[PDB]
Structures are given as C-alpha cells and as structure tokens.
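Residue numbers (my numbering), protein chains in the order written: chain A, 1 to 72; chain B, 1001 to 1103; chain C, 2001 to 2096; chain D, 3001 to 3049; chain E, 4001 to 4050; chain F, 5001 to 5091.
Notes follow once the structure below has been shown.
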RNA sequence: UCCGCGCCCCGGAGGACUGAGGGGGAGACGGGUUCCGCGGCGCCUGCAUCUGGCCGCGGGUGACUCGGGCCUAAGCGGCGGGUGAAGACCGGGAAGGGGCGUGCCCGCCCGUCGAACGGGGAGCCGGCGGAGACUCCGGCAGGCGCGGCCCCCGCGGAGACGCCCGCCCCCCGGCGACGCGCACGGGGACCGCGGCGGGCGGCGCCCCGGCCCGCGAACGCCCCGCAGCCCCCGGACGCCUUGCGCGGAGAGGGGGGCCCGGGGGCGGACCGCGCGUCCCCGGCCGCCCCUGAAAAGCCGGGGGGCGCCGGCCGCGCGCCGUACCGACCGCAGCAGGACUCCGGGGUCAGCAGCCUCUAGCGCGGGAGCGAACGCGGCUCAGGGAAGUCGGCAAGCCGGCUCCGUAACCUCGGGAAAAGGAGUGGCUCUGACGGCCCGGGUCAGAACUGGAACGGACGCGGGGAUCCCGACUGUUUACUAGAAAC
C-alpha cells in the first residue's frame, strides 16, 4: 500500500480515477484521535490521516458520490 | 525522569464487603509497616502514605514512583496471613486493582 | 524455540537459497529469501562500476534509470570517454 | 589503537597538535610506546610544552 | 517421491485401486471357494516396480 | 625482532620438513615473487605478481607478461636489448 | 508409579529420559497410500493389547509467483556421409536457414538432449479443516502478456550525474557469472539484562530477588547509509588501517555525485541497554607451477534505418508435481547402513563433556530371588612387574597461571622437554573506555575452612637409546595399516 499525497491527489483520484471505497477509520488504536481515510483503487490502497474530526467531515461530502464511504 | 519521579496514587478495591471480613485499617498497617523504598524501610513514611478510603485502600506518594506490582505483592502477603483461599488481585483499570474473590 | 524449518522446495543451501529471518505480526519467525544482488554495468574499458546504474536487474530498472546521460554512457566511464575523444582528435590531427 | 588515534585525531582537529607532531605521536602509538590514554595525554602535554 | 512423474503416478495408482478383495457377491455368484485375491500386495513387504 | 635468525625468514612456514636445500632455493624464489617490482609505465614499485607469468601494476592497473617469479627474466632482458640494437641497425 | 472402568491404549497426578551434530521440527531420494476419520481384532503387533504403522469401510494431495517445464555443465545423441558379411559402429566439409513481404534482403555448419542442489521474471501476512497450504479463503502486493482508450518525438547541471523512460537491424559491450582463507567492520535474527504493564506459582523463614506474556511481513513512496569509486576548486610530506594502504598520472582541506541484499519515517496495520552466538554483507590483505563453469534470457552503447514511448482502464496467465514417512535399503517391529535445512539456557576456550527450557517421549514383555560363573563397573594392607613371549590390561599424568627448561639440530625445531609452585569461598583495593554512562576481564591483598579447591566433568605419564621409513599422505571392503605404496 502507499500513503496518498494528502488531499491534493486524494480529491482528484476520488473525483476521476477509480476508487472502490473510502474506508474511514476514526481514532484507530487510540494513540491519537486523527481520522484516517483509506481508499482502495485498482493499483493500490491509498491512506491519508486527516488531523481533525472536522477535516474528516470535509472529504466525505466533498467527493464524487460514486466512491462509497463505510465508517469504522 | 528516573530522578524526578512524581506523586502517584495506587488503590485496591477490597470488594469483600466484609462478607469475608477484611479489616482494611489493619490492611493499611500491613502495607504501612512492610513498605520499603529500597531494600531499606528507613524513612518510608515521608515519601509514601497509605490510607483506607471506603471499601478501597489508597497508596499515595509525594516524590516516589513504584511498580503497581508492589501493591500486588503486599496485598498477596497480607492475605497469606489469614484469608489464603480467596482474592485474585486482578487489575481494574490503571491505578486501581480489585481483590476479586475467587471462582 | 525459534527454529524456522525451511522455505525452499529442497533443503540444499546453494547461493540462491540464503534466507533472512524476521518476526511476523502473528509472532512467528519468517524465512524471507535474500535475492542475490545482480551487480551493475561495468565499464568495458577500466572494468570499474559505471555510476548512476542501480544494482538491480535491468529488466525492472526503467529506461531513464538504466541509461547514463552521456555519449557512450553505459559502455565507457567519464574519464575513459575523455581518453577516447582526445585520442581520436589528436590522431586524426596527425594524419591532417 | 582506536582510543589513542581518536584522542590524537580530536587533538589534531582542536589544533592542539601540529600535523608534523601528530604523525610522530601516531607512529609512536603504532609502535606500542604509550600504553594508556593517560600516558599518551602526558606525553602530549610534554610534547607541546 | 513427492516430486513424482504423472506416468509413474498413473501406474502406481492402478496398483492401489487394483489391490482389493473379491466382492462377496462375486464369491457367491461364481461359488469361488478361493476367496483370497493372491494378487493383493502390501506396502511393507511388496516392492512394486522392482 | 629477528624472530628467525637464518634464511628461514620466508621458509619458517615449511617447518622442519622439506630439507635445507629445497628451502634455500625457495628462500630466493619466493622472496622475489612476493616482492613489488617497479612499473615500466607507472614508475612506482607497485607491480605485484597476480599469477605465474602475469604481473600487474597496482597504480596504473596495467597487466604485464613477465617471468614466473620475477617481472623481468635475464634471458628476456638480453633479447629486448638485442632486438632494439638489431632494429636500429636495420634502420 | 498411583488412581480412574483401565489394556502396554487413554486421562489426571508424580517421578525420569532423548539433551538444539536431539528419541525435536522439516525437506531431497527411495518406498506408494503407509496419511486421515470411523469400526473391529480373524491374522500380525516375536509377552500382552481395549493398541497400532494390522484388518474392514469411507475419504484425503487445489499454485500466474514454490518446484518441474526453461537454459546450459560434465556428458549424451544427431548429421551429406565413412566403414564393416552384417548387427552395428564412426563422422562437419555437405545446394543444411531466417525476416518482412509476395518481392527483396540477411546468412557456411544441429540439438524442444542432459541438473525437482547450478542459471532463472515475479508472494507476503492473517485465518480455516479429520486428513494441505508460498497452493485454500480473506487482505494486500509483484511479475509478464493482451485488448480498449488517451497522450505525443527529451530537458537540467560547471562537471561527476540528475530527472518526466522510442523501436528494429548491424556491430561493441554489460548482467547472468561465480576460488580459498586470516583477521576486521556493518546489519539482521537469536540471546541476555533492566524498567514498566498484564497474568501466575511457591511461601517454616526471606522475597519490589521465582516463572510467564507483552507482537508487527511482503511491497509501495520519502529520507539517511561506513567503507569503495568518481567530479569541482586547488596545489602539498601530509592522510590514514587491526593489518594496511595512498598522494604532482594530483594528496590533504573545503564542497558535490554514484553504488551500497541495509536502517528510519509514513503506510501496510511497550521503553531502554548490553555482552556473546549464528547468518549474510563490506573494504582490504594474504595464497597458487592450484587462478577458480556455461548457456537461456535481459539491458545498454555507436552507426544506420524508422517512429515511437508512456498513463489509465479492463482482461488473461494454460500443462505437470504437491498426503505421509521411526514407513528407505539390508529375508525382520534387523544394538546395521542412509544426504541435507533450522539450531535456546547454565558451567565453560568451546558446536567438548555434564545437567536443563521448548518439543518429543516411557522402546521383541513382566515378576521375584539376590548361588556359582560370566559380563561391564569400583575398592584393596605391605610390596611393587618379582607376573608375562612381551608392563597386555589397568594405573599414573592432564585445565589454567607462573617459574624453570638439557643433549641435539637440516637452526625452523627439540619443548607442553625434564622439573616445580599456585588454584575454593567471602571481604575489599587497583588497572582499562565513552561523555555520569558502560565492559567484566586482568592484577594485588586481607580473612576464613577436619592440612581444602581443574573438589563432578573435561583432560599428555615422562626420560635414555637402537633399527627401518625423511615427512603429511595411501594400502589388502571382511584375519597384515606396515619397515609396504
């Protein structure tokens, strides 16, 4: 897997390139509360850790609705 | 921080309910008399004090850090004095141990 | 015990059968083969390693990474190609 | 050898010892002249004074 | 042996399926009186392909 | 120093075995093979014997044919001179 | 061994054992279903059996990545033909192909033989079954082809080189591709030591001192990576190793690049510290009258010729092998012989011996008695080879440190010569690094003990000669290991 180049590549890939899903993981491991967005694509699963809960709100609304968001 | 340490609070909830007796005030004497900073028990009561809060017993410190294993050892010894059969000293969250009765 | 048994089809420990050991998320020792380093292109003249070419199979190296940016880049090194260019200019000048 | 060389390289880089002196002391240490770093340190104080 | 050959495996396989007892109904139909196969082999003593 | 007093200097390895005559001949032959002869082109005494008949300058990296235990054999050196004098005469 | 209902099977509880060059866990070969589950004992299990590798029944081996296949090695076949009564043997001199195109070029001349250890394009983690797993299933990755669609033919640096990657022929190269070693350094795993969190056990007395558990793969990016090599300025007795090595054919110094089976971060998805052990890897140095395979494939570079190349998205990956082996081979369930791979703790110089953790496990049967005699093992007063063909056999010696070492010699040896002294436990005191933090080795003391300490274990007796053969080697598988070769 690879980390995505943050939001800039993330939005473009979700909007145009094939993204099967947006597994959204919230505070996994309880080390920090930062949300992690994992997005499976034909080539690789791309993962971005958004620093805030409100940052996580932004991507789920602001993307092509063809990508499906399942929470954790 | 091996030199600084800090003030810390460890507690054991007896949970006997006095159903299995458990003096608690005497329990705090056992911890109070046998607590040793190093191998030496010299000047233990300046850095550490033990007191009974309701059902539970609290071991608080003012400049000392010790293993929560030690409270498990002291408790176990106090039970070997009398109620050998019961109590499993299970952890119930950080800072707190419980004298869970046996099966 | 941490004995790992064998990963390859046959136990024989030839050059291609060296295995590093690492732990797994499941707390087990795993045999991972240590693939042999395929070397890098060597200068025809001088027999020294040509710089810029990683020591991997050229098949998977990509064209730009498997090609130095100089005339006679893969065959001859920078100091060797200076010698060829100098000899050719001077030798040609002598005939002229 | 490493210990004596490290004390000699650090002193060369602190300009305590001139390059020509550094070489003599380095070769003397290859020849077993100084057993401890304390022995070399004194030969170094004596050398520069 | 775990690295066998299909042709060798096929001939060894026939031997495994052939090493079987006379069906009881066959003994009854033909009135055999000799119910032992005598061509039955055992992996401990018999060496096939030897 | 002076760990070995006699010519057993390179022949210490052979030990009591092999006899004095053998070792005496080896003391001359092996001393020369191990030694660093001068490079004709490098001008440094860094030529060493890679293999019998092959001597390589450790500075130039040039490999030069030569004798088995010495870069220059006396018969070859004579012929080198004879060929030079004969060529310059034929010129 | 006891108990359970109890069989030698099984379960619990004890007491052992194999002792990490395993009576462990696995493979190559060979056997060919022995593997597994259920039922049974008629055989077999050399006593027994309710057991079983035995018997009946029903099942069990899943691969784009691992291996075969593939390519070559020693070799082996094949060749217009040559020969021989032939069978058969022998073999370059003989009009021996290919590409695109439908024409033109290019071109002397065979291996789709031979390796489940060599070369090779690419796989990991978790989970699931009575019998399997790099194969299944879930995750995640890589390799190579194919189709659709899009994109379009170089830039940067002073250089070393950096990046946003064209193909085909002819030539030049490269990778595949390689000895042995002694040290030395670097990683990985293993190991140990603490801390802390979580469980335990024992507890007559002590016990924060005993035990167990605490995990992080492939592959993506991004950054560091010693040594090595190279570039720029510049013009030197400097730079450095454990050993070295190096420099006006350019050192040092100040910058840069490159390669480094590695390490870190982010993804995938507990925190420190230390000595060892193993495995790889690096830079050298040594060694040879010893110089340490090949090919398939892959990839550059020059010249030409001619247009590529990428991205995303789908799709595809066929044939074979895959159970198990205390089961192979010697007529046996034959103190017989079988090749590998992984290798913990303590005592130790040790991978030695001796006990142990893990894991395996209790072996062609049991009870008694404690004759002779055997077979292994101990001890023996005083003497000590007087025994015997011969000191055969046994006994002595031995580890470490420190003294002290003769004739003789091919000056290397002799030599551990001979011949001695010490050695335990406790309580200290010096040495030795890095920058208050580590090592546990080497000295020097006291003090103590029935006049003891390599307290088991491991582990030369020594000298003086004579004859043969210089030596290390090799030798009549199975009565000669020699002075023979």
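We put the beta carbon where it would ideally sit given N, CA and C, even for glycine.
Euclidean distance between Cα positions of residue i and residue j
i, j, result
"residue 1001 of chain B", "residue 1065 of chain B", "10 Å"
"residue 1014 of chain B", "residue 1091 of chain B", "12 Å"
"residue 5065 of chain F", "residue 5008 of chain F", "30 Å"
"residue 4038 of chain E", "residue 4007 of chain E", "26 Å"
"residue 1031 of chain B", "residue 1003 of chain B", "24 Å"
"residue 2042 of chain C", "residue 5031 of chain F", "35 Å"
"residue 5037 of chain F", "residue 2083 of chain C", "27 Å"
"residue 53 of chain A", "residue 35 of chain A", "6 Å"
"residue 1067 of chain B", "residue 1089 of chain B", "14 Å"
"residue 3034 of chain D", "residue 5005 of chain F", "29 Å"
"residue 2060 of chain C", "residue 2038 of chain C", "12 Å"
"residue 5045 of chain F", "residue 2051 of chain C", "30 Å"
"residue 4005 of chain E", "residue 4011 of chain E", "10 Å"
Cross-strand partners of residue i (DSSP beta bridge)
i, result
"residue 2042 of chain C", "C/2049"
"residue 1010 of chain B", "B/1059"
"residue 5064 of chain F", "F/5055"
"residue 1096 of chain B", "B/1011"
"residue 4046 of chain E", "According to DSSP, which records beta bridges pairwise, residue 4046 of chain E is partnered with nothing at all."
"residue 5049 of chain F", "F/5055"
"residue 22 of chain A", "A/69"
"residue 5037 of chain F", "F/5047"
"residue 1020 of chain B", "None; residue 1020 of chain B has no bridge partner."
"residue 1090 of chain B", "B/1098"
"residue 2 of chain A", "A/46"
Where the beta strand (DSSP E) containing residue i begins and where it ends
i, result
"residue 2022 of chain C", "2019 to 2023"
"residue 50 of chain A", "45 to 50"
"residue 71 of chain A", "68 to 71"
"residue 2030 of chain C", "2029 to 2033"
Closest by C-alpha distance to residue i, when choosing among the options
i, options, result
"residue 2021 of chain C", "C/2015, C/2007, C/2093, C/2042", "C/2007"
"residue 2065 of chain C", "C/2090, C/2072, C/2056", "C/2056"
"residue 1051 of chain B", "B/1097, B/1093, B/1102, B/1025", "B/1025"
"residue 5024 of chain F", "F/5036, F/5017, F/5011, F/5035", "F/5011"
"residue 1047 of chain B", "B/1053, B/1017, B/1036", "B/1036"
"residue 4033 of chain E", "E/4015, E/4017, E/4022, E/4041", "E/4022"
"residue 2035 of chain C", "C/2092, C/2046, C/2019, C/2049", "C/2019"
"residue 2014 of chain C", "C/2033, C/2068, C/2058", "C/2033"
"residue 1073 of chain B", "B/1006, B/1027, B/1018", "B/1027"
"residue 5069 of chain F", "F/5049, F/5015, F/5022", "F/5049"
Rounded distance between the beta-carbons of residue j and residue i, thought under 8 Å
i, j, result
"residue 21 of chain A", "residue 37 of chain A", "10 Å between Cβ atoms; not a contact."
"residue 27 of chain A", "residue 33 of chain A", "4 Å"
"residue 5071 of chain F", "residue 5047 of chain F", "6 Å"
"residue 2053 of chain C", "residue 2040 of chain C", "5 Å"
"residue 1010 of chain B", "residue 1086 of chain B", "That belief does not hold up - the Cβ atoms of residue 1010 of chain B and residue 1086 of chain B are roughly 21 Å apart, past 8 Å."
"residue 4015 of chain E", "residue 4048 of chain E", "5 Å"
Endpoints, the alpha helix (DSSP H) within which residue i is located
i, result
"residue 1045 of chain B", "1044 to 1047"
"residue 35 of chain A", "Unbroken run through residue 35 of chain A is the beta strand (DSSP E), 35 to 40; no alpha helix (DSSP H)."
"residue 2088 of chain C", "2078 to 2095"
"residue 4024 of chain E", "4024 to 4030"
"residue 2001 of chain C", "Looking at the DSSP string, residue 2001 of chain C is not in any alpha helix (DSSP H), and its letter there is neither H nor E."
"residue 1031 of chain B", "1025 to 1034"
"residue 3010 of chain D", "3002 to 3013"
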